[PDB]
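Quick notes on the structure that follows.
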There are 4 protein chains.
Amino acid sequence: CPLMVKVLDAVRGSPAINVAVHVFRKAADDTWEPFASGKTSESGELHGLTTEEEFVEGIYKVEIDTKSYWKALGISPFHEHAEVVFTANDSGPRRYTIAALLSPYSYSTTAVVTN
Amino acid sequence: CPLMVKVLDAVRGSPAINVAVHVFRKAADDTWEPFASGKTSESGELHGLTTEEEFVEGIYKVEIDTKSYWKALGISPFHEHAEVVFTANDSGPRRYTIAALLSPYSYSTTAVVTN
Amino acid sequence: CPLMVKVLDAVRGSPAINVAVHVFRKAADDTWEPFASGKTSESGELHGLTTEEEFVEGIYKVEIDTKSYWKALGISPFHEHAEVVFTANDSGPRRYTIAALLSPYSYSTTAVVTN
Amino acid sequence: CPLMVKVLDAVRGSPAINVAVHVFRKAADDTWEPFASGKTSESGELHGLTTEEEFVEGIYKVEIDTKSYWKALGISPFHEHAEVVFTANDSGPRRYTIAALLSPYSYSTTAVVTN
Ligand SMILES: O=C(O)c1cc(I)cc(I)c1O
Ligand SMILES: O=C(O)c1cc(I)cc(I)c1O
């Protein structure tokens, strides 16, 4: 489990549940190729996206479908989605958590990268 | 104006207007003595809290009355207020902007300090 | 375990380890009485602060000693500490996670309150 | 100026100066067409990206080159950039401020939208 995505809701003070998340890897021609996807659980987490074998060094994009999340709650949002773009580097044994904290007109995102 | 407070609303995507702000300074006796107060304007900014003369070295607390803000809009938020505590002017006079970005169950705060 | 505190480091992209955390409850005379304290673990979490029996309705303050954290890393910080002040309400079965994401001149804090 | 970009540095407590910003607009063919670009000033602000005439309805992407910013300061950050994607001017012209608060492993972004 080298990659996990976590989403929190700053309006309700809760995990953001059933948020669609799409992960892409940058291809040689510079296009974004689908890599993994899922929906956050009751805990706002998405586990099992990839394996150590498949998660090679490269540039990844995590798209979080914030607009549909807010719409499902009957709340008017600003962004189309939240996008997190980063390079995975084999600087020893590392697990990546990409987290996002959501408001209708704002989001924060951080990386928690641990052994 | 050596001290300015700026407040934004992350739900509406707007300045946070009419937010009450109370500033305290730690006294010789180690208690929080009233220093200044005001409310944010239409721009979400609060200017004119103090002067270069009065804003001496000290430990300051800026209390931003976020609960009263959300309640005046008919919303029940999590926090009582947002308190920003910092040492000021310990290396001579600086200009401090204390900024806060508000959601019902979350806030962010930053400082912009200039010479 | 009705209360947990989590602290993350936005500079290193890691849990904030060995951060001192002090929790207070507001007393009848309006003073802050010590309630619980600890240091965050390797995961940046502080568990075991209180019990269901002791965590009655009231106003609580969570003080996170951010200044000492940054100093121990050799980094110059802005704030004395981060303070989170909130009312605990028995609106059915609820667990409170108070989380903070730290930078030298900024922090964010959110509440995750779940059944 | 209907579109402004503001960037702050959460490590230094300062405007983020000389940050490159590229704006794209989704074309009829569903690709990201170059729209405007510039760099933040000493105030951390980027004005004059566009005009009321040219800033028509559309889906816009504001790419803030955070990696280049941190690298120019001799720091190795997590993200490649911060991308802010939103529909603009769908209910007539508005003024948009897209703001970002940067740390090496984290960023926050908000919008301030006025009529
Ligand atoms: O706990 C988190 O995963 C978390 C994530 C973000 I992004 C911001 C805050 I405050 C948090 O507490
Ligand atoms: O524009 C601001 O003042 C601003 C203030 C905070 I606190 C966080 C973000 I993102 C901002 O953009």
Side-chain angles (χ1 to χ4, degrees), chain A residues 4-10 13-16 40 43-45 62 64 78 82 84 97-103 105-112, chain B residues 4-10 13-16 43-45 62 64 78-79 82 84 97-103 105-112, chain C residues 4-10 13-16 40 43-45 62 64 78 82 84 97-103 105-112, chain D residues 4-10 13 15-16 40 43-46 64 78 82 84 96-103 105-112:
Chain A
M4 189 269 279
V5 179
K6 177 182 284 198
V7 192
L8 299 178
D9 179 328
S14 68
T40 58
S43 78
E45 296 177 348
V62 174
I64 304 170
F78 180 74
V84 180
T97 294
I98 302 300
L101 176 60
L102 308 182
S103 300
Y105 276 63
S106 183
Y107 60 90
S108 302
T109 189
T110 197
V112 188
Chain B
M4 192 268 278
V5 178
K6 179 169 200 155
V7 190
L8 295 175
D9 180 320
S14 66
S43 64
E45 300 183 9
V62 176
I64 301 169
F78 186 72
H79 302 92
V84 181
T97 295
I98 302 305
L101 172 65
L102 309 184
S103 300
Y105 277 68
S106 183
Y107 61 89
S108 298
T109 187
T110 194
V112 175
Chain C
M4 189 269 279
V5 179
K6 177 182 284 198
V7 192
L8 299 178
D9 179 328
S14 68
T40 58
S43 78
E45 296 177 348
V62 174
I64 304 170
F78 180 74
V84 180
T97 294
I98 302 300
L101 176 60
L102 308 182
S103 300
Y105 276 63
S106 183
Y107 60 90
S108 302
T109 189
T110 197
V112 188
Chain D
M4 192 268 278
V5 178
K6 179 169 200 155
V7 190
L8 295 175
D9 180 320
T40 66
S43 64
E45 300 183 9
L46 173 48
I64 301 169
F78 186 72
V84 181
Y96 299 82
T97 295
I98 302 305
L101 172 65
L102 309 184
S103 300
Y105 277 68
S106 183
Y107 61 89
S108 298
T109 187
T110 194
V112 175

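When a ligand or atom number is given, it counts from 1 through the structure's own listing order. The sequence lines fix the lettering, A, B, ..., with proteins before strands; numbering per chain opens at 1.
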Under 4.0 Å from one or more heavy atoms of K6(C), ligand 1 contributes atoms 1 (O)
Who pairs with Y105(C) by ring pair (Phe, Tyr, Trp, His ring centres under 6.0 Å), at least two apart in sequence or on another chain?
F78(C)
The protein heavy atom nearest to atom 12 (O) of ligand 2 is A99(D) CB, 2.5 Å
Could you list the atoms of ligand 1 found under 4.0 angstrom from a heavy atom of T109(C)?
10 (I)
Backbone of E45(C) reached by a side-chain donor or acceptor of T40(C) within 3.5 Å:
no
Residue and atom name of the nearest protein heavy atom (relative to atom 6 (C) of ligand 2), distance in Å to one decimal
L101(B) CB, 4.2 Å
Heavy atoms only: which of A111(D), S108(D), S106(C) is nearest to atom 10 (I) of ligand 2?
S108(D)
Who gets closest to atom 9 (C) of ligand 2 by heavy atom: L102(B), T110(D), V7(D), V112(D)?
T110(D)
Looking at every non-hydrogen atom in both residues, tell me the closest pair between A100(B) and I64(B) and how far apart they are.
CB-CD1, 3.8 Å
Indicate the atoms forming the closest heavy-atom contact of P15(B) with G44(B), along with that distance.
CB-N, 3.5 Å
Closest approach of any protein heavy atom to atom 3 (O) of ligand 2, naming residue and atom:
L8(B) CD1, 3.8 Å
By ring pair (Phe, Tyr, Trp, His ring centres under 6.0 Å), which residues pair with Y107(C), not counting sequence neighbours?
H79(C)
At what distance, to the nearest 0.5 angstrom, does OG of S108(A) lie from CG of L101(B)?
7.0 Å
